[PDB]
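Visitor: need a structure here:
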Amino acid sequence: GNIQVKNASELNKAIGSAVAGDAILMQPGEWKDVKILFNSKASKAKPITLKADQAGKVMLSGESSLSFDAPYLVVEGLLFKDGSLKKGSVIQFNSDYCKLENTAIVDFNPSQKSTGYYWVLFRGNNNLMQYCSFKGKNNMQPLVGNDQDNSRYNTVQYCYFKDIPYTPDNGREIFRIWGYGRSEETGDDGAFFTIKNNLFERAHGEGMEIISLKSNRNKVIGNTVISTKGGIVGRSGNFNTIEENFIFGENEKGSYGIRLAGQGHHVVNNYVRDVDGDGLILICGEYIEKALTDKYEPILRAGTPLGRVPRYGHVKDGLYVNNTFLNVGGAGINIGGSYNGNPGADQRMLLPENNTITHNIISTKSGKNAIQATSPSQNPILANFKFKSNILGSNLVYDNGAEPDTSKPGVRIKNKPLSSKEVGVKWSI
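Guide: Numbers count the residues shown, from 1 in each chain. What follows is the structure:
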């Protein structure tokens, strides 16, 4: 690099005077209450880099934060520690084609849990976060968020999410991905967010949705989730991909596997074992075409064909193949979770239909409910609902006391789970 900075005054001068290709190098020590507004004028071919002289030796404390506010900017080697915020996000991608790497955020917590803020928020396009580490977030708001508008093709890979203390508070996901598909849209668009080759260890947070997809065309690929409460969840949206992940529950209370609402998903080559709950949950969708009883309270949304959206998208047309669910404390595959056979305020009665659920390996602690399919209520007002059959076969259920230890069932593309040595920051803690 080529611009040395020792204090906040010098840093803002360097940000304003750096030209494309420059590097801004921060001196080691503690940087208290520095709001970094990184808006240097870089180029696609010559990015501008803000980084520590020595990775990990620069500690941003107090109310410190970082905002990427112009394209082609790189930030490397920072540590956020001994500090907190009152709102917003510790790190924010407000532009396009920026990169954060080799950065850690460590117990960067406020005093009240109710003082909410993200740790990383995406609000722009084609951004990259990799080899970063996150430990100890204990307040409201997802650790990583993706914003609803103009924030597509962001990628988070080779990061490390560790010891996110458990409190059952919805809104403490590790990842929450908004974007097109939030309102259950089925067009070509989406968030196109990639969560890839990350390691999660005791990343409890809310202990419900570790990853919460609420948009379309996202990729959850090759992550390792160790002993973490909650599951990987497609909550809203369509055409999401959940592939080649490893969920080692280590019998953590509250852990479970994969859960989906919506259509067109590809859930392939996942290895789930020793979770407390279900391996795979296909949740029942909500009927919205008309009110089945006088009690229906629709979720309103302007701009839709009916003026409303379902609480949960019908699970149809998906691919649920070549997964392994071993030693699970709940059902192996739950076809039709959260069924309401007595429609009232909600009409969550659409059983999954036309999905391919084949070539899976399953064992359960109870030795029952390897595959559990909800059967329709006999309620007369649901009598004429007929669901396209799922394609079910070539699933192999093992004796849980005698586990496995060509088109074979179970994970056909076998990779290796991630060690903490290959993810997160290269420097220590």
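
Visitor: My guess is residue 328 contacts residue 272. True?
Guide: Yes. Look at residue 328 against residue 272 with C-beta atoms under 8 Å: they come within range, at 6.9 Å. The way it works is simple: take the backbone N, C-alpha and C, and place the C-beta from them, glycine included.

Visitor: What are the buried residues along stretch 396-413?
Guide: 397, 398, 400, 409, 410, 411 (16 or more other C-beta atoms under 10 Å).

Visitor: any idea which of the residues you listed is the one closest to residue 123?
Guide: Nearest to residue 123 among the buried residues of stretch 396-413, counting by C-beta to C-beta, is residue 411 at 35.7 Å.

Visitor: so that closest one makes contact with residue 273?
Guide: No. Using C-beta under 8 Å, residue 411 makes no contact with residue 273, being 11.0 Å away.

Visitor: Which neighbours do the two have in common?
Guide: residue 324 (C-beta atoms under 8 Å, 6 or more residues apart in numbering).

Visitor: Name the nearest residue to residue 256, ignoring sequence neighbours.
Guide: residue 277 (3.0 Å; C-beta to C-beta, 6 or more residues apart in numbering).

Visitor: number of nearby residues for the one you found?
Guide: Neighbours of residue 277 under the rule other C-beta atoms under 10 Å: 20.

Visitor: swap in the one 4 residues further on?
Guide: Each residue near residue 281 was counted by other C-beta under 10 Å, and the total is 26.

Visitor: again, but for residue 297
Guide: Other residues close to residue 297 by other C-beta under 10 Å number 12.

Visitor: In contact with the residue lying closest to residue 81 once chain neighbours are set aside, which residues?
Guide: Among residues not flanking residue 81 along the chain, residue 106 sits closest, at 4.4 Å (C-beta to C-beta, 6+ apart). Contacts for residue 106 were tallied using C-beta under 8 Å, 6+ apart; they are 79, 80, 81, 133, 135, 136, 429.

Visitor: Pull out the buried members of those.
Guide: 79, 80, 81, 133, 135.

Visitor: wait, what's in contact with the residue nearest to the second one when sequence neighbours are not counted?
Guide: Yep, that's residue 80 we're talking about. In this structure, residue 80 finds its nearest non-sequential neighbour in residue 105, 4.4 Å apart by C-beta to C-beta, 6+ apart. Residue 105 makes contacts with 79, 80, 81, 90, 91, 119, 132, 133, 134, 135, 137, as judged by C-beta under 8 Å, 6+ apart.

Visitor: make it 7 Å
Guide: 80, 90, 119, 134 (C-beta atoms under 7 Å, 6 or more residues apart in numbering).
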